[PDB]
$ cat data_22.txt   # compact mmCIF, N, CA and C atoms
# COMPACT_ATOMS: atom_id res chain seq x y z
N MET A 1 0.86 -1.22 0.00
CA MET A 1 0.00 0.00 0.00
C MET A 1 0.88 1.25 0.00
N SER A 2 1.00 1.91 1.12
CA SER A 2 1.84 3.14 1.18
C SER A 2 1.61 3.98 -0.08
N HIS A 3 0.60 4.80 -0.07
CA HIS A 3 0.32 5.65 -1.26
C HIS A 3 1.25 6.86 -1.26
N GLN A 4 2.51 6.65 -0.97
CA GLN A 4 3.47 7.79 -0.96
C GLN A 4 4.10 7.94 -2.34
N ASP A 5 3.33 8.34 -3.32
CA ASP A 5 3.89 8.51 -4.69
C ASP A 5 3.07 9.55 -5.46
N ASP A 6 3.13 10.79 -5.05
CA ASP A 6 2.35 11.84 -5.75
C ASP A 6 3.22 13.10 -5.90
N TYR A 7 4.11 13.11 -6.85
CA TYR A 7 4.98 14.31 -7.04
C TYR A 7 4.30 15.28 -8.00
N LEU A 8 3.61 16.26 -7.48
CA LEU A 8 2.93 17.24 -8.37
C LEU A 8 2.99 18.63 -7.73
N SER A 9 4.15 19.24 -7.73
CA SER A 9 4.28 20.60 -7.13
C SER A 9 5.66 21.17 -7.48
N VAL A 10 5.94 21.33 -8.74
CA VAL A 10 7.26 21.88 -9.15
C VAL A 10 7.72 22.92 -8.13
N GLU A 11 6.81 23.69 -7.60
CA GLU A 11 7.19 24.72 -6.59
C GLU A 11 8.10 24.09 -5.54
N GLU A 12 7.84 22.86 -5.17
CA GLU A 12 8.70 22.19 -4.15
C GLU A 12 10.05 21.83 -4.77
N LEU A 13 10.03 21.08 -5.84
CA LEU A 13 11.32 20.69 -6.49
C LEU A 13 12.17 21.94 -6.73
N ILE A 14 11.57 23.00 -7.19
CA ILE A 14 12.34 24.25 -7.44
C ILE A 14 13.00 24.70 -6.14
N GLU A 15 12.26 24.73 -5.06
CA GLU A 15 12.84 25.16 -3.76
C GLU A 15 14.05 24.28 -3.43
N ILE A 16 13.85 23.00 -3.32
CA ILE A 16 14.98 22.09 -3.00
C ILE A 16 16.19 22.45 -3.87
N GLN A 17 16.16 22.08 -5.12
CA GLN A 17 17.31 22.40 -6.02
C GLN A 17 17.88 23.77 -5.64
N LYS A 18 17.05 24.69 -5.24
CA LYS A 18 17.55 26.04 -4.87
C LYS A 18 18.59 25.91 -3.76
N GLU A 19 18.22 25.34 -2.65
CA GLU A 19 19.18 25.18 -1.52
C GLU A 19 20.31 24.23 -1.94
N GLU A 20 19.98 23.00 -2.23
CA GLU A 20 21.04 22.03 -2.64
C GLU A 20 22.04 22.72 -3.57
N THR A 21 21.62 23.09 -4.75
CA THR A 21 22.55 23.77 -5.69
C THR A 21 23.47 24.72 -4.92
N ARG A 22 22.90 25.70 -4.26
CA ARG A 22 23.75 26.65 -3.49
C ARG A 22 24.81 25.88 -2.70
N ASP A 23 24.40 24.90 -1.94
CA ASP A 23 25.39 24.11 -1.15
C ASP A 23 26.52 23.66 -2.07
N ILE A 24 26.19 23.05 -3.17
CA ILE A 24 27.25 22.58 -4.11
C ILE A 24 28.11 23.77 -4.54
N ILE A 25 27.51 24.78 -5.10
CA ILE A 25 28.30 25.97 -5.54
C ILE A 25 29.25 26.39 -4.42
N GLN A 26 28.79 26.35 -3.20
CA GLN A 26 29.67 26.75 -2.06
C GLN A 26 30.93 25.88 -2.07
N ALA A 27 30.78 24.59 -2.10
CA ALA A 27 31.96 23.69 -2.11
C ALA A 27 32.80 23.98 -3.36
N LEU A 28 32.21 23.91 -4.52
CA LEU A 28 32.98 24.18 -5.76
C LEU A 28 33.76 25.48 -5.60
N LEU A 29 33.12 26.52 -5.13
CA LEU A 29 33.84 27.81 -4.94
C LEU A 29 34.95 27.63 -3.92
N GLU A 30 34.60 27.37 -2.69
CA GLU A 30 35.64 27.18 -1.64
C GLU A 30 36.85 26.45 -2.25
N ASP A 31 36.60 25.53 -3.14
CA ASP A 31 37.73 24.79 -3.77
C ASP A 31 38.66 25.78 -4.46
N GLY A 32 38.12 26.87 -4.96
CA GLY A 32 38.98 27.87 -5.65
C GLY A 32 38.48 28.08 -7.08
N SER A 33 37.42 27.41 -7.45
CA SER A 33 36.90 27.57 -8.84
C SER A 33 36.73 29.06 -9.16
N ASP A 34 36.47 29.38 -10.40
CA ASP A 34 36.29 30.81 -10.77
C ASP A 34 35.03 30.97 -11.63
N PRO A 35 34.37 32.09 -11.50
CA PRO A 35 33.12 32.37 -12.28
C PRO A 35 33.41 32.62 -13.76
N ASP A 36 34.64 32.86 -14.11
CA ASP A 36 34.98 33.10 -15.54
C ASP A 36 35.44 31.79 -16.18
N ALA A 37 35.60 30.76 -15.39
CA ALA A 37 36.05 29.46 -15.95
C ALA A 37 34.93 28.86 -16.80
N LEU A 38 33.76 29.44 -16.76
CA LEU A 38 32.62 28.89 -17.56
C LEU A 38 32.40 27.43 -17.18
N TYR A 39 31.20 27.08 -16.80
CA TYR A 39 30.92 25.67 -16.41
C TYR A 39 29.87 25.08 -17.36
N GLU A 40 29.95 23.80 -17.61
CA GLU A 40 28.96 23.15 -18.52
C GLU A 40 27.89 22.46 -17.67
N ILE A 41 26.70 22.98 -17.66
CA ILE A 41 25.61 22.35 -16.85
C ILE A 41 25.10 21.10 -17.57
N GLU A 42 24.72 20.10 -16.82
CA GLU A 42 24.20 18.85 -17.45
C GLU A 42 22.83 18.51 -16.87
N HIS A 43 21.91 18.08 -17.69
CA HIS A 43 20.55 17.73 -17.18
C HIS A 43 20.11 16.40 -17.80
N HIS A 44 19.61 15.50 -16.99
CA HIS A 44 19.16 14.19 -17.53
C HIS A 44 17.64 14.19 -17.67
N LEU A 45 17.14 13.78 -18.81
CA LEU A 45 15.66 13.74 -19.01
C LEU A 45 15.28 12.45 -19.72
N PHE A 46 14.28 11.76 -19.24
CA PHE A 46 13.87 10.48 -19.90
C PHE A 46 12.38 10.51 -20.21
N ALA A 47 11.94 9.68 -21.12
CA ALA A 47 10.49 9.67 -21.47
C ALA A 47 10.03 8.22 -21.66
N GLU A 48 8.77 8.02 -21.92
CA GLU A 48 8.25 6.64 -22.13
C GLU A 48 7.80 6.48 -23.58
N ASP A 49 7.64 7.56 -24.29
CA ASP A 49 7.21 7.47 -25.71
C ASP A 49 8.37 7.85 -26.62
N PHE A 50 8.79 6.95 -27.47
CA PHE A 50 9.92 7.26 -28.38
C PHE A 50 9.63 8.56 -29.13
N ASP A 51 8.41 8.74 -29.58
CA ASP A 51 8.07 9.99 -30.31
C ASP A 51 8.05 11.17 -29.34
N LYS A 52 7.19 11.12 -28.35
CA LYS A 52 7.13 12.24 -27.36
C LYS A 52 8.55 12.61 -26.94
N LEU A 53 9.43 11.65 -26.90
CA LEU A 53 10.83 11.94 -26.49
C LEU A 53 11.48 12.87 -27.52
N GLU A 54 11.68 12.40 -28.72
CA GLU A 54 12.30 13.27 -29.76
C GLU A 54 11.54 14.59 -29.84
N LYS A 55 10.31 14.59 -29.41
CA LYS A 55 9.50 15.85 -29.45
C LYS A 55 10.04 16.83 -28.40
N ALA A 56 10.01 16.44 -27.15
CA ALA A 56 10.52 17.35 -26.08
C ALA A 56 12.01 17.59 -26.28
N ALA A 57 12.72 16.61 -26.78
CA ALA A 57 14.18 16.78 -27.00
C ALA A 57 14.41 17.82 -28.10
N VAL A 58 13.55 17.87 -29.08
CA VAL A 58 13.72 18.86 -30.18
C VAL A 58 13.49 20.27 -29.63
N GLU A 59 12.38 20.49 -28.98
CA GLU A 59 12.11 21.85 -28.43
C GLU A 59 13.29 22.30 -27.57
N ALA A 60 13.66 21.52 -26.59
CA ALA A 60 14.81 21.89 -25.73
C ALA A 60 15.98 22.34 -26.60
N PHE A 61 16.45 21.47 -27.46
CA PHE A 61 17.59 21.84 -28.35
C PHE A 61 17.24 23.10 -29.15
N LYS A 62 15.98 23.33 -29.38
CA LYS A 62 15.57 24.54 -30.16
C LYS A 62 15.89 25.80 -29.35
N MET A 63 15.66 25.76 -28.06
CA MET A 63 15.94 26.96 -27.22
C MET A 63 17.45 27.21 -27.20
N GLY A 64 18.22 26.23 -26.80
CA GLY A 64 19.70 26.42 -26.75
C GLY A 64 20.31 25.40 -25.78
N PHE A 65 19.95 24.16 -25.91
CA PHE A 65 20.52 23.12 -24.99
C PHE A 65 21.19 22.02 -25.81
N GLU A 66 22.38 21.64 -25.45
CA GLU A 66 23.09 20.58 -26.21
C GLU A 66 22.44 19.22 -25.91
N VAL A 67 21.32 18.95 -26.52
CA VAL A 67 20.63 17.65 -26.28
C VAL A 67 21.58 16.50 -26.62
N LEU A 68 21.58 15.46 -25.84
CA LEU A 68 22.48 14.31 -26.12
C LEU A 68 21.65 13.07 -26.45
N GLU A 69 22.08 12.28 -27.39
CA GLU A 69 21.31 11.06 -27.76
C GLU A 69 21.04 10.23 -26.50
N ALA A 70 19.96 9.51 -26.48
CA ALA A 70 19.64 8.68 -25.28
C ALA A 70 20.12 7.25 -25.50
N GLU A 71 19.91 6.39 -24.54
CA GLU A 71 20.35 4.98 -24.68
C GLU A 71 19.55 4.10 -23.72
N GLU A 72 19.27 2.88 -24.10
CA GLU A 72 18.50 1.98 -23.20
C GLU A 72 18.88 2.26 -21.75
N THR A 73 17.94 2.69 -20.95
CA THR A 73 18.25 2.98 -19.52
C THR A 73 17.45 2.05 -18.61
N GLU A 74 17.74 2.05 -17.34
CA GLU A 74 17.00 1.17 -16.40
C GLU A 74 16.74 1.94 -15.10
N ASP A 75 15.50 2.07 -14.71
CA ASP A 75 15.18 2.80 -13.45
C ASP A 75 14.45 1.87 -12.48
N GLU A 76 15.01 0.72 -12.22
CA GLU A 76 14.35 -0.23 -11.28
C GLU A 76 12.83 -0.18 -11.49
N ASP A 77 12.40 0.26 -12.64
CA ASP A 77 10.94 0.33 -12.90
C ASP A 77 10.68 0.24 -14.41
N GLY A 78 11.71 0.32 -15.20
CA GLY A 78 11.52 0.24 -16.68
C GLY A 78 12.42 -0.86 -17.25
N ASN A 79 13.65 -0.92 -16.82
CA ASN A 79 14.57 -1.97 -17.35
C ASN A 79 14.83 -1.71 -18.83
N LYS A 80 14.11 -0.80 -19.42
CA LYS A 80 14.32 -0.50 -20.86
C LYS A 80 13.62 0.82 -21.22
N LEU A 81 14.20 1.92 -20.84
CA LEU A 81 13.57 3.23 -21.15
C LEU A 81 14.57 4.13 -21.89
N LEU A 82 14.10 5.17 -22.52
CA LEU A 82 15.02 6.08 -23.26
C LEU A 82 15.41 7.25 -22.36
N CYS A 83 16.68 7.56 -22.28
CA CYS A 83 17.12 8.69 -21.41
C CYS A 83 18.12 9.57 -22.17
N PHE A 84 17.72 10.75 -22.56
CA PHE A 84 18.65 11.65 -23.29
C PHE A 84 19.24 12.66 -22.30
N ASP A 85 20.27 13.36 -22.68
CA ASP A 85 20.89 14.34 -21.75
C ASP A 85 20.96 15.72 -22.42
N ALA A 86 20.96 16.76 -21.64
CA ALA A 86 21.03 18.13 -22.22
C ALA A 86 22.17 18.91 -21.56
N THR A 87 22.89 19.69 -22.32
CA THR A 87 24.02 20.47 -21.74
C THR A 87 23.82 21.96 -22.04
N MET A 88 24.47 22.81 -21.30
CA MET A 88 24.32 24.27 -21.54
C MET A 88 25.53 25.01 -20.95
N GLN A 89 26.27 25.70 -21.78
CA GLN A 89 27.46 26.45 -21.27
C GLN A 89 26.99 27.69 -20.51
N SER A 90 27.46 27.88 -19.31
CA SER A 90 27.04 29.08 -18.53
C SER A 90 27.97 29.26 -17.33
N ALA A 91 28.06 30.46 -16.82
CA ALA A 91 28.94 30.71 -15.64
C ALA A 91 28.46 29.87 -14.46
N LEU A 92 29.19 29.89 -13.37
CA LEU A 92 28.77 29.10 -12.18
C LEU A 92 27.94 29.98 -11.25
N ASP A 93 26.64 29.85 -11.30
CA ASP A 93 25.77 30.69 -10.43
C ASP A 93 24.55 29.88 -10.00
N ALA A 94 24.17 29.98 -8.75
CA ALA A 94 22.98 29.21 -8.27
C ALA A 94 21.72 29.79 -8.91
N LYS A 95 21.65 31.09 -9.05
CA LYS A 95 20.45 31.71 -9.67
C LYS A 95 20.31 31.21 -11.10
N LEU A 96 21.37 31.23 -11.86
CA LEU A 96 21.30 30.75 -13.27
C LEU A 96 20.96 29.26 -13.27
N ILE A 97 21.81 28.45 -12.70
CA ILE A 97 21.53 26.98 -12.67
C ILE A 97 20.08 26.75 -12.25
N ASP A 98 19.61 27.50 -11.30
CA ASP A 98 18.20 27.33 -10.85
C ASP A 98 17.25 27.65 -12.01
N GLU A 99 17.62 28.59 -12.84
CA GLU A 99 16.75 28.95 -14.00
C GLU A 99 16.70 27.78 -14.98
N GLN A 100 17.84 27.30 -15.40
CA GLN A 100 17.86 26.16 -16.36
C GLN A 100 16.95 25.04 -15.83
N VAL A 101 16.92 24.85 -14.54
CA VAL A 101 16.06 23.78 -13.97
C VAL A 101 14.59 24.20 -14.05
N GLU A 102 14.33 25.48 -13.93
CA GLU A 102 12.92 25.96 -14.00
C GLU A 102 12.39 25.79 -15.43
N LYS A 103 13.19 26.10 -16.41
CA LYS A 103 12.73 25.96 -17.82
C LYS A 103 12.63 24.47 -18.18
N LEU A 104 13.64 23.71 -17.88
CA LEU A 104 13.59 22.25 -18.21
C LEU A 104 12.46 21.58 -17.43
N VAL A 105 12.21 22.03 -16.23
CA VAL A 105 11.12 21.42 -15.42
C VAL A 105 9.76 21.79 -16.02
N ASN A 106 9.48 23.06 -16.16
CA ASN A 106 8.18 23.48 -16.74
C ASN A 106 8.00 22.82 -18.11
N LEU A 107 9.03 22.79 -18.91
CA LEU A 107 8.92 22.17 -20.25
C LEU A 107 8.70 20.66 -20.09
N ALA A 108 9.39 20.05 -19.17
CA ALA A 108 9.22 18.58 -18.97
C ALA A 108 7.76 18.27 -18.64
N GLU A 109 7.23 18.91 -17.62
CA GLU A 109 5.81 18.65 -17.25
C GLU A 109 4.88 19.14 -18.37
N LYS A 110 5.36 20.03 -19.20
CA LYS A 110 4.51 20.54 -20.31
C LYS A 110 4.36 19.46 -21.38
N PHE A 111 5.32 18.58 -21.50
CA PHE A 111 5.23 17.51 -22.53
C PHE A 111 4.72 16.22 -21.88
N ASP A 112 5.57 15.52 -21.18
CA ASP A 112 5.14 14.26 -20.53
C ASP A 112 6.36 13.46 -20.06
N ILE A 113 7.40 14.14 -19.66
CA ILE A 113 8.62 13.43 -19.20
C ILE A 113 8.87 13.74 -17.72
N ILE A 114 9.89 13.16 -17.15
CA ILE A 114 10.19 13.42 -15.71
C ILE A 114 11.63 13.92 -15.57
N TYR A 115 11.80 15.17 -15.24
CA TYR A 115 13.18 15.71 -15.09
C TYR A 115 13.64 15.53 -13.64
N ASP A 116 14.67 14.76 -13.42
CA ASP A 116 15.16 14.54 -12.03
C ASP A 116 16.62 14.08 -12.06
N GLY A 117 17.53 14.97 -12.35
CA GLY A 117 18.96 14.57 -12.40
C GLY A 117 19.80 15.72 -12.96
N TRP A 118 20.37 16.53 -12.11
CA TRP A 118 21.19 17.67 -12.60
C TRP A 118 22.59 17.58 -11.98
N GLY A 119 23.61 17.75 -12.78
CA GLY A 119 25.00 17.67 -12.23
C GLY A 119 25.90 18.67 -12.97
N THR A 120 26.98 19.06 -12.36
CA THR A 120 27.90 20.04 -13.03
C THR A 120 29.33 19.49 -13.01
N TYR A 121 29.97 19.45 -14.14
CA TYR A 121 31.37 18.93 -14.19
C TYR A 121 32.28 19.85 -13.38
N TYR A 122 33.49 19.44 -13.13
CA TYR A 122 34.43 20.29 -12.34
C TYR A 122 35.79 20.32 -13.05
N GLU A 123 36.01 21.31 -13.88
CA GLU A 123 37.31 21.40 -14.60
C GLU A 123 38.41 21.85 -13.63
N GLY A 124 39.58 21.29 -13.74
CA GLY A 124 40.69 21.69 -12.83
C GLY A 124 41.09 20.50 -11.95
N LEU A 125 41.60 19.46 -12.55
CA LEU A 125 42.01 18.27 -11.75
C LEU A 125 43.51 18.35 -11.45
N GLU A 126 43.89 18.11 -10.22
CA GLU A 126 45.33 18.18 -9.86
C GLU A 126 46.00 16.84 -10.19
N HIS A 127 46.19 16.00 -9.20
CA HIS A 127 46.84 14.69 -9.46
C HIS A 127 46.02 13.57 -8.81
N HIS A 128 46.09 12.38 -9.34
CA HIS A 128 45.32 11.25 -8.75
C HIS A 128 46.30 10.23 -8.15
N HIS A 129 46.22 9.00 -8.57
CA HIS A 129 47.16 7.98 -8.02
C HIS A 129 48.60 8.47 -8.18
N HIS A 130 49.56 7.62 -7.94
CA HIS A 130 50.98 8.05 -8.08
C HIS A 130 51.21 9.31 -7.24
N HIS A 131 51.96 9.20 -6.18
CA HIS A 131 52.22 10.39 -5.32
C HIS A 131 50.91 10.87 -4.70
N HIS A 132 50.65 10.51 -3.48
CA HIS A 132 49.39 10.94 -2.82
C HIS A 132 49.70 11.97 -1.73
$ encode --input "data_22.txt" --output "structure tokens"
Amino acid sequence: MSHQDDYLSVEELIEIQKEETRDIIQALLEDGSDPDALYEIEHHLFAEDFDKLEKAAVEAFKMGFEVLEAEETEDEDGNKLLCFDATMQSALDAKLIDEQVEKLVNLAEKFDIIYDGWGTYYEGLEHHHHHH
């Protein structure tokens, strides 16, 4: 039973990502990152209709998002779903990153997909194994 499965309030998701994102930006910054280093935002979006997918994926890429081809994905509930990715070059800012999530979210619910996966790469790697 447990009818705990009713996600219908973007207002909430927007709030969360708001705080979380900020927390991340704080760490990335404290690390010494720079706002002029330009960061590539990444967003994961999946759908259940092969057509509806290329549909929402086309609009997104139409605005200005580097849509990425999808590939058989598995969400402990599909075992075989399509998941494409979107990228966008932009400075490192919580307000901006929060915006990209607001547009991708409103657009996602506007079509019929579920947006839930945002990450930001971190350019500037020092050294790994060998000499710790």
$ closest_atom_pairs --input "data_22.txt" --of "range 65-103 of chain A" --to "range 21-36 of chain A" --cutoff "6.5 Å" --atoms "all atoms listed in the file" --output "tab-separated table"
residue	atom	partner	partner_atom	distance
A:91	CA	A:35	C	5.2
A:92	N	A:35	CA	4.8
A:94	CA	A:22	N	5.3
$ select_by_dssp --input "data_22.txt" --residues "chain A" --states "strand (DSSP E or B)" --output "PyMOL selection string"
chain A and resi 39-47+68+73+81-90+114-120
$ closest_atom_pairs --input "data_22.txt" --of "range 50-121 of chain A" --to "range 8-17 of chain A" --cutoff "12 Å" --atoms "only C-alpha atoms" --output "CSV"
residue,atom,partner,partner_atom,distance
A:94,CA,A:17,CA,9.1
A:95,CA,A:17,CA,10.5
A:96,CA,A:17,CA,11.8
A:97,CA,A:17,CA,9.1
A:98,CA,A:17,CA,7.0
A:99,CA,A:14,CA,9.2
A:100,CA,A:14,CA,10.7
A:101,CA,A:14,CA,7.5
A:102,CA,A:14,CA,6.8
A:103,CA,A:14,CA,10.5
A:104,CA,A:14,CA,11.0
A:105,CA,A:10,CA,7.4
A:106,CA,A:10,CA,7.8
A:107,CA,A:10,CA,11.2
A:108,CA,A:10,CA,10.5
A:109,CA,A:10,CA,8.8
A:110,CA,A:10,CA,11.6
A:114,CA,A:8,CA,11.0
A:115,CA,A:13,CA,10.1
A:116,CA,A:13,CA,9.1
A:117,CA,A:17,CA,10.2
A:118,CA,A:17,CA,9.0
A:119,CA,A:17,CA,11.0
$ write_last_selection --input "data_22.txt" --atoms "N, CA and C atoms" --output "PDB file, keeping the file's coordinate frame"
ATOM      1  N   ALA A  94      24.170  29.980  -8.750  1.00  0.00           N
ATOM      2  CA  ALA A  94      22.980  29.210  -8.270  1.00  0.00           C
ATOM      3  C   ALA A  94      21.720  29.790  -8.910  1.00  0.00           C
ATOM      4  N   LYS A  95      21.650  31.090  -9.050  1.00  0.00           N
ATOM      5  CA  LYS A  95      20.450  31.710  -9.670  1.00  0.00           C
ATOM      6  C   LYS A  95      20.310  31.210 -11.100  1.00  0.00           C
ATOM      7  N   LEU A  96      21.370  31.230 -11.860  1.00  0.00           N
ATOM      8  CA  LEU A  96      21.300  30.750 -13.270  1.00  0.00           C
ATOM      9  C   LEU A  96      20.960  29.260 -13.270  1.00  0.00           C
ATOM     10  N   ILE A  97      21.810  28.450 -12.700  1.00  0.00           N
ATOM     11  CA  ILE A  97      21.530  26.980 -12.670  1.00  0.00           C
ATOM     12  C   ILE A  97      20.080  26.750 -12.250  1.00  0.00           C
ATOM     13  N   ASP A  98      19.610  27.500 -11.300  1.00  0.00           N
ATOM     14  CA  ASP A  98      18.200  27.330 -10.850  1.00  0.00           C
ATOM     15  C   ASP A  98      17.250  27.650 -12.010  1.00  0.00           C
ATOM     16  N   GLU A  99      17.620  28.590 -12.840  1.00  0.00           N
ATOM     17  CA  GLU A  99      16.750  28.950 -14.000  1.00  0.00           C
ATOM     18  C   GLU A  99      16.700  27.780 -14.980  1.00  0.00           C
ATOM     19  N   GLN A 100      17.840  27.300 -15.400  1.00  0.00           N
ATOM     20  CA  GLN A 100      17.860  26.160 -16.360  1.00  0.00           C
ATOM     21  C   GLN A 100      16.950  25.040 -15.830  1.00  0.00           C
ATOM     22  N   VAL A 101      16.920  24.850 -14.540  1.00  0.00           N
ATOM     23  CA  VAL A 101      16.060  23.780 -13.970  1.00  0.00           C
ATOM     24  C   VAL A 101      14.590  24.200 -14.050  1.00  0.00           C
ATOM     25  N   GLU A 102      14.330  25.480 -13.930  1.00  0.00           N
ATOM     26  CA  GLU A 102      12.920  25.960 -14.000  1.00  0.00           C
ATOM     27  C   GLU A 102      12.390  25.790 -15.430  1.00  0.00           C
ATOM     28  N   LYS A 103      13.190  26.100 -16.410  1.00  0.00           N
ATOM     29  CA  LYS A 103      12.730  25.960 -17.820  1.00  0.00           C
ATOM     30  C   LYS A 103      12.630  24.470 -18.180  1.00  0.00           C
ATOM     31  N   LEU A 104      13.640  23.710 -17.880  1.00  0.00           N
ATOM     32  CA  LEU A 104      13.590  22.250 -18.210  1.00  0.00           C
ATOM     33  C   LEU A 104      12.460  21.580 -17.430  1.00  0.00           C
ATOM     34  N   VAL A 105      12.210  22.030 -16.230  1.00  0.00           N
ATOM     35  CA  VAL A 105      11.120  21.420 -15.420  1.00  0.00           C
ATOM     36  C   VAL A 105       9.760  21.790 -16.020  1.00  0.00           C
ATOM     37  N   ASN A 106       9.480  23.060 -16.160  1.00  0.00           N
ATOM     38  CA  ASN A 106       8.180  23.480 -16.740  1.00  0.00           C
ATOM     39  C   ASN A 106       8.000  22.820 -18.110  1.00  0.00           C
ATOM     40  N   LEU A 107       9.030  22.790 -18.910  1.00  0.00           N
ATOM     41  CA  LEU A 107       8.920  22.170 -20.250  1.00  0.00           C
ATOM     42  C   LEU A 107       8.700  20.660 -20.090  1.00  0.00           C
ATOM     43  N   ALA A 108       9.390  20.050 -19.170  1.00  0.00           N
ATOM     44  CA  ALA A 108       9.220  18.580 -18.970  1.00  0.00           C
ATOM     45  C   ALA A 108       7.760  18.270 -18.640  1.00  0.00           C
ATOM     46  N   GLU A 109       7.230  18.910 -17.620  1.00  0.00           N
ATOM     47  CA  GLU A 109       5.810  18.650 -17.250  1.00  0.00           C
ATOM     48  C   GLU A 109       4.880  19.140 -18.370  1.00  0.00           C
ATOM     49  N   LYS A 110       5.360  20.030 -19.200  1.00  0.00           N
ATOM     50  CA  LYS A 110       4.510  20.540 -20.310  1.00  0.00           C
ATOM     51  C   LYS A 110       4.360  19.460 -21.380  1.00  0.00           C
ATOM     52  N   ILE A 114       9.890  13.160 -17.150  1.00  0.00           N
ATOM     53  CA  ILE A 114      10.190  13.420 -15.710  1.00  0.00           C
ATOM     54  C   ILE A 114      11.630  13.920 -15.570  1.00  0.00           C
ATOM     55  N   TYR A 115      11.800  15.170 -15.240  1.00  0.00           N
ATOM     56  CA  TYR A 115      13.180  15.710 -15.090  1.00  0.00           C
ATOM     57  C   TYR A 115      13.640  15.530 -13.640  1.00  0.00           C
ATOM     58  N   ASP A 116      14.670  14.760 -13.420  1.00  0.00           N
ATOM     59  CA  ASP A 116      15.160  14.540 -12.030  1.00  0.00           C
ATOM     60  C   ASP A 116      16.620  14.080 -12.060  1.00  0.00           C
ATOM     61  N   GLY A 117      17.530  14.970 -12.350  1.00  0.00           N
ATOM     62  CA  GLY A 117      18.960  14.570 -12.400  1.00  0.00           C
ATOM     63  C   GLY A 117      19.800  15.720 -12.960  1.00  0.00           C
ATOM     64  N   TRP A 118      20.370  16.530 -12.110  1.00  0.00           N
ATOM     65  CA  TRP A 118      21.190  17.670 -12.600  1.00  0.00           C
ATOM     66  C   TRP A 118      22.590  17.580 -11.980  1.00  0.00           C
ATOM     67  N   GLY A 119      23.610  17.750 -12.780  1.00  0.00           N
ATOM     68  CA  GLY A 119      25.000  17.670 -12.230  1.00  0.00           C
ATOM     69  C   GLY A 119      25.900  18.670 -12.970  1.00  0.00           C
TER      70      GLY A 119
END
$ closest_residue --input "data_22.txt" --among "A:86, A:74, A:113, A:124" --to "residue 41 in chain A" --atoms "all atoms listed in the file"
A:86
$ atom_distance --input "data_22.txt" --atom1 "CA of residue 125 in chain A" --atom2 "CA of residue 42 in chain A"
18.7 Å
$ residues_near_point --input "data_22.txt" --point "(9.6, 17.4, -24.6)" --cutoff "7 Å" --atoms "only C-alpha atoms" --output "VMD selection string"
chain A and resid 52 to 53 55 to 57 59 to 60 107 to 108 111 to 113
$ atom_distance --input "data_22.txt" --atom1 "atom C of residue 77 in chain A" --atom2 "CA of residue 43 in chain A"
20.3 Å
$ atom_distance --input "data_22.txt" --atom1 "CA of residue 7 in chain A" --atom2 "CA of residue 19 in chain A"
18.7 Å
$ build_atoms --input "data_22.txt" --residues "range 11-20 of chain A" --atoms "N, CA, C and O atoms" --output "PDB file, keeping the file's coordinate frame"
ATOM      1  N   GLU A  11       6.810  23.690  -7.600  1.00  0.00           N
ATOM      2  CA  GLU A  11       7.190  24.720  -6.590  1.00  0.00           C
ATOM      3  C   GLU A  11       8.100  24.090  -5.540  1.00  0.00           C
ATOM      4  O   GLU A  11       9.031  24.708  -5.059  1.00  0.00           O
ATOM      5  N   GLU A  12       7.840  22.860  -5.170  1.00  0.00           N
ATOM      6  CA  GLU A  12       8.700  22.190  -4.150  1.00  0.00           C
ATOM      7  C   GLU A  12      10.050  21.830  -4.770  1.00  0.00           C
ATOM      8  O   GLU A  12      11.089  22.218  -4.287  1.00  0.00           O
ATOM      9  N   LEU A  13      10.030  21.080  -5.840  1.00  0.00           N
ATOM     10  CA  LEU A  13      11.320  20.690  -6.490  1.00  0.00           C
ATOM     11  C   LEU A  13      12.170  21.940  -6.730  1.00  0.00           C
ATOM     12  O   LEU A  13      13.358  21.947  -6.484  1.00  0.00           O
ATOM     13  N   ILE A  14      11.570  23.000  -7.190  1.00  0.00           N
ATOM     14  CA  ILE A  14      12.340  24.250  -7.440  1.00  0.00           C
ATOM     15  C   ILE A  14      13.000  24.700  -6.140  1.00  0.00           C
ATOM     16  O   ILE A  14      14.169  25.028  -6.100  1.00  0.00           O
ATOM     17  N   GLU A  15      12.260  24.730  -5.060  1.00  0.00           N
ATOM     18  CA  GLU A  15      12.840  25.160  -3.760  1.00  0.00           C
ATOM     19  C   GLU A  15      14.050  24.280  -3.430  1.00  0.00           C
ATOM     20  O   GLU A  15      15.152  24.764  -3.272  1.00  0.00           O
ATOM     21  N   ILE A  16      13.850  23.000  -3.320  1.00  0.00           N
ATOM     22  CA  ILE A  16      14.980  22.090  -3.000  1.00  0.00           C
ATOM     23  C   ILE A  16      16.190  22.450  -3.870  1.00  0.00           C
ATOM     24  O   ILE A  16      17.141  23.054  -3.409  1.00  0.00           O
ATOM     25  N   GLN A  17      16.160  22.080  -5.120  1.00  0.00           N
ATOM     26  CA  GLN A  17      17.310  22.400  -6.020  1.00  0.00           C
ATOM     27  C   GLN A  17      17.880  23.770  -5.640  1.00  0.00           C
ATOM     28  O   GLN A  17      19.075  23.996  -5.718  1.00  0.00           O
ATOM     29  N   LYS A  18      17.050  24.690  -5.240  1.00  0.00           N
ATOM     30  CA  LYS A  18      17.550  26.040  -4.870  1.00  0.00           C
ATOM     31  C   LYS A  18      18.590  25.910  -3.760  1.00  0.00           C
ATOM     32  O   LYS A  18      19.724  26.327  -3.900  1.00  0.00           O
ATOM     33  N   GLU A  19      18.220  25.340  -2.650  1.00  0.00           N
ATOM     34  CA  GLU A  19      19.180  25.180  -1.520  1.00  0.00           C
ATOM     35  C   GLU A  19      20.310  24.230  -1.940  1.00  0.00           C
ATOM     36  O   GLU A  19      21.461  24.614  -2.008  1.00  0.00           O
ATOM     37  N   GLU A  20      19.980  23.000  -2.230  1.00  0.00           N
ATOM     38  CA  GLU A  20      21.040  22.030  -2.640  1.00  0.00           C
ATOM     39  C   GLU A  20      22.040  22.720  -3.570  1.00  0.00           C
ATOM     40  O   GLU A  20      23.187  22.914  -3.223  1.00  0.00           O
TER      41      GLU A  20
END
